[PDB]
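Q: Before we start, here is the structure in question, set down as structure tokens.
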Amino acid sequence: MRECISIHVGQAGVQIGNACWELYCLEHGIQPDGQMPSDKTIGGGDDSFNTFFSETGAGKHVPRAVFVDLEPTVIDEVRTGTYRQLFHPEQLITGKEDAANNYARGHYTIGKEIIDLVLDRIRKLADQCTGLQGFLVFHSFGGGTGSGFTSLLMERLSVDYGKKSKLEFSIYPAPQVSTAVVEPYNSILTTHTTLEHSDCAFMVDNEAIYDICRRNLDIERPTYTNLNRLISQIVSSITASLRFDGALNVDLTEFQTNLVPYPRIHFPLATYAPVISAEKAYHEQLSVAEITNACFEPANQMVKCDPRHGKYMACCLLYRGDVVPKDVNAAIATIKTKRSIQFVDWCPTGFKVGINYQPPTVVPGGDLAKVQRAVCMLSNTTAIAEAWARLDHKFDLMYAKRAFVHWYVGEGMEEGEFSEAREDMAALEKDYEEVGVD
Amino acid sequence: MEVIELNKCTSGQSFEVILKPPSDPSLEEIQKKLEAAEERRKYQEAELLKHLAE
Amino acid sequence: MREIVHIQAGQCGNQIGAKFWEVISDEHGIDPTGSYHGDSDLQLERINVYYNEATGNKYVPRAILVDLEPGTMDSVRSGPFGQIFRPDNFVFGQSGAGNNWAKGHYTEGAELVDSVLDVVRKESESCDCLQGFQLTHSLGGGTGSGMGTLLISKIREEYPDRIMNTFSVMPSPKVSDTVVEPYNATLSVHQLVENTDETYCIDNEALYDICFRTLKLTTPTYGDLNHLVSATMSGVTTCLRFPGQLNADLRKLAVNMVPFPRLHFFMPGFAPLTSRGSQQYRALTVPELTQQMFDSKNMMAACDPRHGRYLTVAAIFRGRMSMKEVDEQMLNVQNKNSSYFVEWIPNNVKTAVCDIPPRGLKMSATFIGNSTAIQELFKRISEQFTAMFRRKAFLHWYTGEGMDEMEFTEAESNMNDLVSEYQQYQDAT
Amino acid sequence: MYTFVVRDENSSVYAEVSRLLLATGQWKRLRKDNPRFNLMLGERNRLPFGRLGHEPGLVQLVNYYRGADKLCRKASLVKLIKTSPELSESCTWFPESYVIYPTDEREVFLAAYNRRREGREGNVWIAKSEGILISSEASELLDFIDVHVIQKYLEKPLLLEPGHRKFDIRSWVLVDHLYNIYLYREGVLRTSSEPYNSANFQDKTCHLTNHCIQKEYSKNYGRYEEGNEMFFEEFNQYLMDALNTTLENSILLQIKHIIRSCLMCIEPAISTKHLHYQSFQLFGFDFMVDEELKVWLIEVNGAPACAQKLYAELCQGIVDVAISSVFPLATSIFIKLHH
Ligand SMILES: Nc1nc2c(ncn2[C@@H]2O[C@H](COP(=O)(O)OP(=O)(O)OP(=O)(O)O)[C@@H](O)[C@H]2O)c(=O)[nH]1
Ligand SMILES: Nc1ncnc2c1ncn2[C@@H]1O[C@H](COP(=O)(O)OP(=O)(O)CP(=O)(O)O)[C@@H](O)[C@H]1O
Ligand SMILES: Nc1nc2c(ncn2[C@@H]2O[C@H](COP(=O)(O)OP(=O)(O)O)[C@@H](O)[C@H]2O)c(=O)[nH]1
Ligand SMILES: Cc1ccc(S(=O)(=O)Nc2cc(-c3ccc(C#N)s3)ccc2C)cc1
Ligand SMILES: [Ca+2]
Ligand SMILES: [Mg+2]
Ligand SMILES: [Mg+2]
Ligand SMILES: [Mg+2]
């Protein structure tokens, strides 16, 4: 067994981390004080959940997590909320003065003063690992901490652990729920610094999670709590193969093998189905076919785009609940004829499939209902370039006038980094268009 | 359309189905860049102090 | 980023300042004696941003009160909440400032400024993490205008990496103490465009019209004007004094409002509009609040938004209401009048909601606009300036204190450059 | 009150559409780069579908179906008809055609040409991208192209009288956001002025019926019908008087079959039924009726220009059907093709 360290950066990172770990605990039977009656082997184990938990002499299970925010409010909620005892205080790191939505304040100004402390705590966590796999890193694109300090951290992790895979969970900015006008700046900036340091990032446009929570959870104005519960449903679908018995995606290296042939194009599209209101009085349970079919409906994607006008490079289907290979192959056969699924010529048309018999776990008092079967499709499709297009466009709109640039220079950056990141994004957009369009 | 590498366990199954075959910087470098931004930032602060001195 | 240090300077400065401390003391459940007597714990969760906790578990405003004559400070101290303030923070001269910028910035005020800074320091050193400072003053007098800009300059020197925020009252002929106010205002605008992160332009002409045309007050007092200003100050600082999802601070506000560093002069707005006398009992619908808060007749800087374009907007709703209906109405405002928002700053209107309504209202909306229309204000002043200066009229009052006409040429020229910039982005792309 | 921008200033149809929108007093027009619009009348190339339908509190519509080029470029149309199963290889209404790249299907085009020359039946072809060259010899074509398309020439077309002249049929079809297929009732018929000559293939004007080409190299142009165009009333009345049949029976049934088949074939690829932005589009289908009264499909144009008489009526029909459907305000001219 090999271990995975989670790192949550900035407000969105820390909150989504909360949600995920709460979910992990419910799924694994781990109580809020760290006691897992399921675990007969006390003080240690060579089990699959040990990928994400370490065991104490007192039989306590503690996440391989680090929360880091340059500002104390959200990690103080963690330090006082329901899952106090779960975490070692040395793992919850705060500053006193945030990065004021300013990438340059997080990367240079405030980052330089806290990166060494963050890396020492991360190494004190790696030091309880027989064979560390790598890192899951949760952050936002739009935040000052979430972009600046995250990319500095990714740099340093590459240089200290050059042989460990690194996975990102990025929160793409959406105007309905975004805080700041310079989120398109930070986004581009941090992507340019992190592209060569990340092995597979899973973008999540807030806009999508928002419309899903409106249409399907029947929530009027969704909050961060709703978004984060749904996002953790997805994250757990994507990380279950690490914490459970199985032969698909059983280590971080398999993710870049099954989903990333070209290393620059490492942003897979996650599509999750079915999302059903816990308040639905009467609900008819969807078949394998109905949820596999829903996987190809853009209204169910973490990023609104149209895969019909891109080409696919790799597809993986992750089922939780009552599913059997027969019905998956049947559904696929039907869907290939009913849908438009074009692969790149240099890649076989087909699906790597994973079934876990344990149906989705839902938070008591959440908004999602229990279902008999659910699925998450990870697909590396070029159509995701749309989300960069939009982003790049907004970027240009401001930079054309050098608007807000002085806030970044004030912290020590150089206009050159703006242009150089933008050019990198231009390369990335063009690469997507090479691989995909005709 | 054929299955490949079916693996079964108590927790679930996993397999592949195929339909059609086909046709870094150092520590000193990042330390140097952080310190270059801190220098530019110090220079700006000094200019501000000079203008306020005047 | 918790503690803010408040400073009020001069007559007008201390009079709006004292009203603001009343309004928010009432909002936090502090009585004039200094003791909390409210109900919700929401009234203490961010009490530190403006109040030190003192002996006896009382609360003392983190406010320094500055004048060059004792008059207005004596009357503040004998006022309603006068006993709230720390007596050490009452820093006054005796000679006054004669509505003379030069007296305040160069001569009489220079005797006093080091004392004021000593108290500032004693107040900062008692802070956990100081966000920055905020000043309420006028630009037409002498203590407020001249010494406020002096203080701003020295505070920037002592704390160069902190936010400097002002509530600045622009002078109008419709409400005028002396003929030399355009000189003091032009000198102060020079300083402010140099040394302030965020300035709330509060035009006295606008408050006069609002009291007269709107509130139907046939002969408005300075108190009728200060009521508006204290209500608006309370409304802008709501996101700071109360628990929110945003966790907003001064620095983020400056980062997101100020696309270019000299263009940090904001139009405030209130809605609904309320007089001391009439206490109207009709709750407003959310569409009503939004139509009103974006109405020019609800803006405290006597500019016409339609004569320009909005660089950035920040809106603050207060009270129990539908956030869905809010977002709806706010998007409705943006899309029905898109020509008036700049296309090169995507999604440049941002909104905050607080669940607590202010005293007397159940629904409140407060508006913070960085519009290019503000150039109008600065042109207005500049015209009034030149009508005198082309004849060096009243300049002896300033030359007698050592100032040279070159300083006036420079200050005017800096303000005309400010006007140029605003105009430039008013027609960009 | 709805907002719309206009990102193609050279479009006759949507020019009259802008005009009629503004005249309702319920549409305002914005600058092109303003994202806060309801309706985009977008450009013909590199249209930014990646940016549509991401503006909260705005229902967005656009006048082009993303993916429709695969029916409206000549090479991609040919390849779609060949490969797509619903449009069988034996598709009886598409002239047998092959794609060629300059120095592929070169090999199979030659194989078919030779299989034909054994029977020695008419083997004229046409090369297509005004750049188009008809010939009976493979080598002249291949030296002219050195991406083009080589299509069997319909050697025996229906010839109008008096005059003895060929023609093509343009139909206009409106596909709205719900993927209803509306055929405009007033199709147009673009004729040759100077008579069809079987052997004189080098006079461009006898065989090519492009109105462009007619207003220039035509000896007389506008003799029989004004502007070289015959509308459906005259075409029907002539067909009744001369061949004892109807336009609707001998021609329009097949036209509706072809339109319905092409559009329902590409439907799953381009339908915006569940997307975050909607599309409508106006296509122009170019048909050719051989002397047996059989209809053939030549091309589909995605940006098409109407005829000067029908502009007002068709553009009012577009605003009614494709636009007022999404954005309501305060005997139809279209035939619904049922699928
Ligand atoms: N889905 C989701 N998005 C969030 C959440 N919290 C913040 N965001 C998004 O993140 C962006 C701002 O990022 P933050 O995480 O608040 O920024 P930060 O990392 O705290 O950086 P600072 O500016 O220094 O506080 C906005 O676009 C928000 O939409 C969350 O809990 N869930
Ligand atoms: N295989 C064929 N058989 C008979 N006639 C043909 C033919 N190919 C072309 N033609 C004639 O020549 C003309 C062909 O031009 P075509 O329509 O292919 O170019 P075009 O200019 O219309 C491109 P577009 O689709 O934009 O209209 C038609 O008007 C038709 O009369
Ligand atoms: N809004 C408002 N303006 C005032 C008040 N008192 C004075 N002013 C304005 O301030 C200017 C004179 O400033 P003043 O405060 O007396 O200057 P000082 O010498 O700095 O105290 C004039 O434009 C007055 O209109 C007040 O209570 N409210
Ligand atoms: C265009 C844009 C984008 C982002 C922001 S925000 O990040 O500054 N949030 C925010 C802050 C405030 C205040 C801070 C301190 C105050 C007192 N003094 S009010 C008020 C409203 C809002 C919405 C603002 C404007
Ligand atoms: Ca164990
Ligand atoms: Mg934060
Ligand atoms: Mg006075
Ligand atoms: Mg044509």
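As a convention, Cβ positions derive from the backbone with ideal geometry for all residues, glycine included, and neighbour counts pool all protein chains shown. We did not get these values from a lab; they are worked out from the coordinates using the rules stated.
Q: What are the membrane-span-like helices in chain A by this rule: whole DSSP H runs, Cα extent along the axis at least 24 Å, mean Kyte-Doolittle hydropathy at least -0.5?
A: In chain A, the long hydrophobic H runs are A:10-28, A:224-243.
Q: Here's something else I'd like to know. State, to one decimal in nm², a quarter of the convex hull surface area for the C-alpha atoms of the range A:269-385, i.e. the direction-averaged projected area.
A: If I average the Cα hull's projected area over directions, I get 7.6 nm².
Q: Can you pull the Rg over Rh of the range A:43-148, Cα-only, Kirkwood? Intermediate results must be reported in sequence, preceding the final value.
A: Numbers: Rg = 15.1 Å, Rh = 15.1 Å.
Looking at the range A:43-148, the ratio lands at 1.00.
Q: In the range A:114-150, which residues have a backbone nitrogen under 20 Å from the label point lying 7 Å from B:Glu45's Cα in the Cα-to-Cβ direction?
A: Within reach of a label on B:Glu45: A:114-117, A:149.
Q: Answer rounded, prolate or oblate for the range C:375-426, using the Cα gyration tensor with square roots of eigenvalues a ≥ b ≥ c: rounded when a/c is under 1.5, else prolate when a/b is larger than b/c, else oblate.
A: Judged from the Cα gyration tensor, the range C:375-426 comes out prolate (a/c at least 1.5, a/b above b/c).
Q: What shape does the range C:346-386 have by the C-alpha gyration tensor, where a ≥ b ≥ c are the square roots of the eigenvalues, rounded means a/c under 1.5, and otherwise prolate means a/b greater than b/c and oblate the rest?
A: Cα axes put the range C:346-386 in the oblate bin.
Q: A follow-up question, please. Using the basic label-point model (7 angstrom from Cα toward the beta carbon), what is the D:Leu159 to B:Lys8 distance in nanometres?
A: Simple spin-label model gives 7.5 nm for this pair.
Q: Let me know the Rg and Dmax you get for the range A:310-438 when you use only its Cα atoms, in Å.
A: In order Rg, Dmax, the Cα atoms of the range A:310-438 give 21.4, 61 Å.
Q: Tell me, in nm to one decimal, what length is gained between C:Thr221 and C:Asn416 on full extension, where the rule is 0.36 nm per residue of separation less the Cα-Cα distance?
A: In short, 67.0 nm is gained.
Q: Please get the size of the charge dipole for the range C:269-374, origin at its Cα centre, with Cβ charges of +1 on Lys and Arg and -1 on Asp and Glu, quoted in debye to the nearest 20.
A: Values: 12 positive and 8 negative charges, 70 e Å.
Computed about the Cα centre, the dipole is about 340 debye.
Q: Please list the equivalent ellipsoid semi-axes of the range C:82-167, computed as the square roots of five times the alpha-carbon gyration tensor eigenvalues, in descending order and whole angstrom.
A: Whole-Å semi-axes of the equivalent ellipsoid: 22, 15, 12.
Q: Which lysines, if any, have their Cα less than 18 Å from the Cα of A:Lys370, not counting same-chain residues under 8 positions apart?
A: Qualifying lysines at Cα under 18 Å: A:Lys280.
Q: Assigning unit charges at the beta carbon (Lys, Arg +1; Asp, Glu -1) and nothing else, what dipole magnitude in debye, to the nearest 20, does chain A show about its Cα centre?
A: Charge dipole of chain A: 860 debye, to the nearest 20.
Q: What does the charge add up to near A:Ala270, with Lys and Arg as +1, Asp and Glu as -1, over the other residues with Cβ less than 13 Å from its Cβ?
A: Details: positive: A:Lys304; negative: A:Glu168, A:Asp205.
The answer is -1.
Q: What does the structure give for A:349-358 when I average, per residue, the other chain Cβ atoms found within 10 Å of the residue Cβ? The partial results should precede the final answer.
A: On the way: counts 7, 9, 5, 7, 7, 5, 6, 5, 5, 2.
Per-residue shielding by partner chains comes out at 6.
Q: Just rank D:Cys315, D:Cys72, C:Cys12, D:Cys262, fewest to most, by other beta-carbon atoms within 10 angstrom.
A: D:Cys72, D:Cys315, D:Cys262, C:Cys12
Q: Turning to a different aspect of this structure: I'd like to know how the range D:134-249 sits against the 2.2 N^0.38 Å rule of thumb: what's its Cα Rg over that expected value? Before the final figure, lay out each step's value.
A: On the way: Rg = 16.8 Å, N = 116, 2.2 N^0.38 = 13.4 Å.
Cα Rg divided by the expected 2.2 N^0.38 Å: 1.25.
Q: With a cut-off of 8 Å between alpha carbons and a minimum separation of six or more residues, what is the relative contact order of the range C:118-242 in percent?
A: Result for the range C:118-242 is 23 percent.
Q: Taking the Cα centre of the range D:214-332 as the origin and placing charges on Cβ (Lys, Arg +1; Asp, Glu -1), which of D:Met230, D:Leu243, D:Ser271 is farthest toward the positive end of the dipole?
A: Of the candidates, D:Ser271 comes out farthest on the positive side.
Q: A further question on this structure: Treating only the Cβ atoms of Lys and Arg (+1) and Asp and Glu (-1) as charged, compute the dipole magnitude of the protein assembly as shown about its Cα centre; round to the nearest 20 debye.
A: Its charge dipole is roughly 2480 debye.
Q: Still on this structure, I have one more. So how far, in whole Å, is the C-alpha centre of the range D:202-247 from the one of the range B:5-33?
A: Between the Cα centres of the range D:202-247 and the range B:5-33 lies a distance of 64 Å.
Q: What distance in nm lies between label points placed 7 Å from Cα along the C-beta direction at A:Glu77 and D:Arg116?
A: 7.3 nm
Q: D:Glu226 to D:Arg106: FRET efficiency via 1/(1 + (r/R0)^6), r the Cβ-Cβ distance, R0 45 Å, to the nearest 0.05?
A: 0.55
Q: To the nearest whole number, what is the average tally of beta carbon atoms from other chains within 10 Å of the beta carbons of peptide A:407-417?
A: On the way: counts 7, 1, 4, 6, 5, 12, 3, 3, 0, 0, 2.
Mean shielding count: 4.
Q: For chain C, which DSSP H helices look membrane-span-like by this rule: Cα extent along the axis of 18 Å or more and mean Kyte-Doolittle of at least -1.0?
A: Long hydrophobic helices here: C:10-28, C:108-124, C:181-195, C:222-236, C:375-389.
Q: If you average the alpha carbon positions of the range A:362-438 and of the range A:181-254, how far apart do those two centres end up, in angstrom?
A: 13 Å
Q: Cα to Cα, under 17 Å, and not fewer than 8 places away if on the same chain: which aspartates and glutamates meet these conditions relative to C:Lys297?
A: Partners within reach: C:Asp203, C:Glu205, C:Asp209, C:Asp224, C:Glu288, C:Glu376.
Q: Any idea what Rg and Dmax come out to for chain A if you just take the C-alpha atoms, in Å?
A: Taking only Cα atoms of chain A, I get Rg and Dmax of 20.9, 63 Å.
Q: Picking from C:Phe394, C:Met415, C:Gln375, whose Cα lies most toward the positive end of the charge dipole for the range C:375-426 (charges on Cβ: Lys, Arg +1; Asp, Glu -1)?
A: C:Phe394
Q: Pairs A:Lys338/D:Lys74; A:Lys311/A:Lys394; A:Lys304/A:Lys430; B:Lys42/C:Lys58: which are spaced more than 30 Å apart, C-alpha to C-alpha? Could the numbers behind the result be given before it?
A: Numbers: A:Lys338/D:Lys74 26 Å; A:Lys311/A:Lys394 25 Å; A:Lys304/A:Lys430 20 Å; B:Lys42/C:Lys58 41 Å.
Too far apart for the 30 Å limit: B:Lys42/C:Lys58.
Q: Sticking with this one: With the cut-off at 1.5 for a/c, could you classify the range C:3-268 from its C-alpha gyration tensor as rounded, prolate or oblate?
A: Because its axes are fairly even, with a/c under 1.5, the range C:3-268 counts as rounded.
Q: Using all alpha carbons of the range C:168-302, what is the percent of pairwise distances in each 5 Å bin, ordered from the shortest bin to the longest?
A: 2, 9, 16, 19, 20, 16, 11, 5, 2, 0
Q: State the dimensionless ratio Rg/Rh of the protein assembly as shown (Rg: radius of gyration of Cα atoms; Rh: Kirkwood radius).
A: Using only Cα positions, Rg/Rh for the protein assembly as shown is 1.04.
Q: Now for a separate question. Which of B:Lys20/D:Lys273; A:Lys336/B:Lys20; A:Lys60/A:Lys166 have a Cα-Cα distance over 20 Å?
A: Where the Cα-Cα span goes over 20 Å, the pairs concerned are B:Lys20/D:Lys273; A:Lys60/A:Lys166.
Q: Grab the Cα-Cα distance for D:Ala330 and D:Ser198, subtract it from 0.36 nm times how many residues apart they are, and report the gain in nm with one decimal.
A: Full extension from D:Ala330 to D:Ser198 adds 41.7 nm.
Q: Something else about it: Which of the peptides B:1-7, A:76-82, C:145-151, A:383-389 is most tightly packed, and how do the rest follow, going by the mean number of other Cβ atoms within 10 Å of each residue?
A: Details: B:1-7: 11.3, A:76-82: 13.9, C:145-151: 30.1, A:383-389: 22.4.
Result, highest mean Cβ count within 10 Å first: C:145-151, A:383-389, A:76-82, B:1-7.
Q: Give the residue from C:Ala110, C:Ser172, C:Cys127 lying farthest towards the positive end of the charge dipole for the range C:3-268; charges sit on Cβ (+1 for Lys and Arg, -1 for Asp and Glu) and the dipole is referred to the Cα centre.
A: The one lying farthest along the dipole's positive direction is C:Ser172.
Q: Moving on. What's the FRET efficiency of D:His338 with D:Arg46 using the Cβ-Cβ distance as r and R₀ = 45 Å, to the nearest 0.05?
A: Plugging the Cβ-Cβ distance into 1/(1 + (r/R0)^6) gives 0.80.
Q: Given Cα pairs under 8 Å that are at least 6 residues apart, what percent is the relative contact order of chain A?
A: 16 percent.
Q: May I ask for the percentage of alpha-carbon pairs in the range A:3-259 that lie more than 24 Å from each other?
A: Cα-Cα pairs in the range A:3-259 separated by more than 24 Å: 45 percent.
Q: Between the range C:47-99 and the range C:207-284, what is the separation of their alpha carbon centroids in Å?
A: After rounding, the separation between the Cα centres reads 23 Å.
Q: Of all DSSP beta bridges in the protein assembly as shown, what percent run antiparallel (nearest 5)?
A: So the antiparallel bridges in the protein assembly as shown amount to around 55 percent.
Q: Here's a follow-up. Cross-link candidates for D:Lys219: which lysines have Cα within less than 22 Å, leaving aside residues fewer than 8 places away along the same chain?
A: D:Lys166, D:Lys204
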